[PDB]
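Enquirer: Sharing a structure here in structure tokens format.
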Amino acid sequence: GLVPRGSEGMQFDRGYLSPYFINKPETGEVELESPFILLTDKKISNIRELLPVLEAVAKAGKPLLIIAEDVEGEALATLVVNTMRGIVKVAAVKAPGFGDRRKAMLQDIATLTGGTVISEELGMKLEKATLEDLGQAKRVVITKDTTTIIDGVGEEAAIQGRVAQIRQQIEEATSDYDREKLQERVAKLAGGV
């Protein structure tokens, strides 16, 4: 069935990893304007991993959205202290889904935002991630339980090619569940443009 509106944004069901990211107290939300986006399937537990990116982000004077497997312990605490002091405007959320769908969805967001996934399996380090590796968007809105990426800045043909790929898989799918979950992804990418 038809969708009445257009680009509401790519949304996934993962909210803020700490209440201290909230910068819209009356709504209980996080709103980042023109944010850089860090994408990774790695679990961030240490702060040594995020320093290089945070310093770079801080030097550029731009907000940052961290999408990781999880951001915890000392790492989360250092993001909270730096965001509270106004050194960096950061927010961290978990990567959507699990298993293989999480990695595919991380790639969907990379392609939409023109970012590069810092993958565990490839041997990529957060430490060497640069500003070119980070995706970008007009706005990011994070609630208690959802994240919305509005207007990713990725290449249209690249975004188009990603959707063609998912359509290709849908044709080869053996289940309505598989086709439906694949259909989700297309709809998420469509909202992000």
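What follows is calculated from the coordinates using simple rules that are stated; it is not laboratory data. Positions of Cβ are generated from backbone atoms using ideal geometry, with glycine treated the same way; all protein chains shown enter the neighbour counts.
Enquirer: How far, in degrees from 0 to 90, does helix 73-85 lean away from the longest principal axis of the Cα atoms of the chain, to the nearest 10?
Expert: 70 degrees
Enquirer: So what's the convex hull volume per residue for the Cα atoms of region 107-161, in Å³? Please report the intermediate quantities before stating the final value.
Expert: Working: hull volume 6.0 nm³, N = 55.
Convex hull volume per residue, Cα atoms: 109 Å³.
Enquirer: Through the Karplus equation 6.51 cos²θ - 1.76 cosθ + 1.60, θ set to phi - 60°, convert the phi angles of region 167-179 into ³J(HN,Hα) values in whole Hz; use x for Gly and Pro.
Expert: 4, 4, 4, 3, 4, 8, 5, 10, 8, 6, 5, 4, 4
Enquirer: Also: Set the Förster radius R0 to 25 Å, insert the Cβ-Cβ distance between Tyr20 and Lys59 as r into 1/(1 + (r/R0)^6), and round the FRET efficiency to 0.05.
Expert: Numbers: r = 23 Å, r/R0 = 0.90.
Efficiency for this residue pair is about 0.65.
Enquirer: Still on this structure: For the chain, what is the calculated [θ] at 222 nm in deg cm²/dmol (nearest 500), taking -39500 (n - 2.57) for each run of four or more DSSP H residues and dividing by its residue count? Show your work: numbers first, answer last.
Expert: Details: 5 runs with 72 residues, N = 193.
Rounded to the nearest 500, the figure is -12000 deg cm²/dmol.
Enquirer: Springs between alpha-carbon atoms under 10 Å, Gaussian network over the chain: tell me which of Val90, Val81, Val141 tops the mean-square fluctuations.
Expert: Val81
Enquirer: If you don't mind, another one. As I understand it, the dipole of the chain uses +1 on the Cβ of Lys and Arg and -1 on the Cβ of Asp and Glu, about the Cα centre. Which of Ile44, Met124, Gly61 lies farthest toward its positive end?
Expert: It is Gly61, whose Cα lies furthest towards the positive end.
Enquirer: Find the percent of Cα-Cα distances in the chain that exceed 32 Å, and round it to a whole number.
Expert: Details: 2320 of 18528 pairs.
So the pairs more than 32 Å apart make up 13 percent of the total in the chain.
Enquirer: Can you tell which of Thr78, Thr146, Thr174 shows the greatest fluctuation in a Gaussian network model of the chain with Cα springs below 10 Å?
Expert: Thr174
Enquirer: Continuing with the same structure: Taking a point 7 angstrom from the Cα of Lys128 along the C-beta vector, which residues in region 16-50 have backbone N less than 15 Å away?
Expert: 49
Enquirer: What FRET efficiency, computed as 1/(1 + (r/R0)^6) with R0 = 25 Å and r the Cβ-Cβ distance, is obtained for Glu72 and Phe98, rounded to the nearest 0.05?
Expert: On the way: r = 17 Å, r/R0 = 0.67.
Step by step, r from the Cβ atoms, then E = 0.90.
Enquirer: Further, regarding this structure: What is the Cα centroid distance between region 115-193 and region 1-67, reported in whole angstrom?
Expert: 14 Å
Enquirer: Order 180-186, 148-154 from most to least packed using the mean count of other Cβ atoms within 10 Å. Walk me through the intermediate numbers first.
Expert: On the way: 180-186: 16.7, 148-154: 21.1.
In descending order of packing, they fall as 148-154, 180-186.
Enquirer: Separate question: Using r as the Cβ-Cβ distance of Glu120 and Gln160, and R0 as 41 Å, what FRET efficiency do you calculate, to the nearest 0.05?
Expert: Values: r = 28 Å, r/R0 = 0.69.
Efficiency computed from Cβ-Cβ geometry: 0.90.
Enquirer: Additional query: Could you work out the relative contact order of the chain? I mean the mean sequence separation of Cα pairs under 8 Å and 6+ apart, divided by the number of residues, in percent. Walk me through the numbers on the way to the answer.
Expert: Details: 400 pairs, mean separation 59.5, N = 193.
Relative contact order comes out at 31 percent.
Enquirer: Of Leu106, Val30, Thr146, whose Cα points farthest to the positive end of the dipole of the chain (charges on the beta-carbon: +1 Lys, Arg; -1 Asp, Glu; origin at the Cα centre)?
Expert: Going by the charge dipole, the pick is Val30.
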